[PDB]
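In structure tokens, one chain follows: the form deposited in one PDB entry.
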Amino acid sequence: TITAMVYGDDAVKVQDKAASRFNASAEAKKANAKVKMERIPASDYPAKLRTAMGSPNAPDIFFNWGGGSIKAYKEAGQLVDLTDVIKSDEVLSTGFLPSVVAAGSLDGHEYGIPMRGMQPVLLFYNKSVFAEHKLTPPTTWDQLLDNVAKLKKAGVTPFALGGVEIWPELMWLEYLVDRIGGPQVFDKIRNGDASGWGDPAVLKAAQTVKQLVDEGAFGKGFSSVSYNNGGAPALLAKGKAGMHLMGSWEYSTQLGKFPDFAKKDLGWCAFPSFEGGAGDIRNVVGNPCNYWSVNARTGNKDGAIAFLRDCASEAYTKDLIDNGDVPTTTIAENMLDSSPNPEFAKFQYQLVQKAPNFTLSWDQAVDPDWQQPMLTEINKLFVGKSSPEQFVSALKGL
């Protein structure tokens, strides 16, 4: 039994389908192995995984985002270096976009096999709401503000926001810092320099966020709305909100929970430009993918590799596409017209392919011991407990 610890949101249905398919397979018989999904709820996944990895019953494979989400496990000797496994296995070697495999590497060694869709953060919107108020998707920050003022007036919350998890608030900072100051601002911080939080682009992003909040862009009480229980996506699908800045898994989430809305009334656009900003507007922030990594303590390394091969298969790729995701397998590009929404799938594939920079979600990119302290300070910014200068000063002390 290969245990696979996985992030248990609605998307886990794809991995459930894969465990079933693999378990019934001849490659499985061959390695005398079955996979068992250990589903861990989204809301406390990083802590639960850490506890499990220190336990006698640590998972044989586990779900991650690369970067800071594996750096400690790797430094602690807990991971199998997959570089040679991937190189010598024909299916693994040619199975994924090389850029996505690189995003699951550390120090030039590959530690992840891609296992969900590419996940850039996009601006989604309700096309009904817009049509009713003669709004158009904003190509600039000033137009985004115009849209906020009109929705406010019309009694519609401009943006849905899952304040509870705090990382949905972080998304605003991520795009703002990149648009304003380009990718080198966060690169410096991610590499460990806390002084880097002193960059003027960070302060400008933090002030811009405060203005949005103070001026009602997220309404009142977003700090009590959750993304993970479906609350924030439902605000959008019911036309209680006009827009929603979210990882591209939002489309899948909408399709499964509100299919009528997702089919007819869900729109999308890139995060807008910001006047005077130095960042290339083609840059994206989010998650290049999610990855399986393999525990160095595992007793059936070959069984686990066998299951990992399935991640490159036509059947796995089709299951992702049918879910609303755009997979990172080499065969996916040629299969996008099979998507529930081929225009969206194609918009999303090319947005990522054209991006000069793809910045990993900050709470997954920073060193693990910064992840929570950082989200704590972001929440204090959003609820107005910290001024933008206090926010900067707190982070400089990490």
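Rigid core here is just the name for the largest C-alpha set that superposes within 1.5 Å across the two forms. Note that residue numbering begins at 1 and tracks the sequence as displayed.
Omitted from view is the form deposited in another entry, to which the following refers.
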Give the option from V202, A232, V209, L97 whose C-alpha shifts by 2 Å or more between this form and the one not shown; the alignment is on the rigid core.
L97
Closer or farther: how do the CA atoms of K48 and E165 lie in the other entry, compared with the form shown, if the change is at least 3 Å?
farther
Compare the CA separation of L49 and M246 in the other entry with the one in the displayed structure, and answer closer or farther (the difference is at least 3 Å).
farther
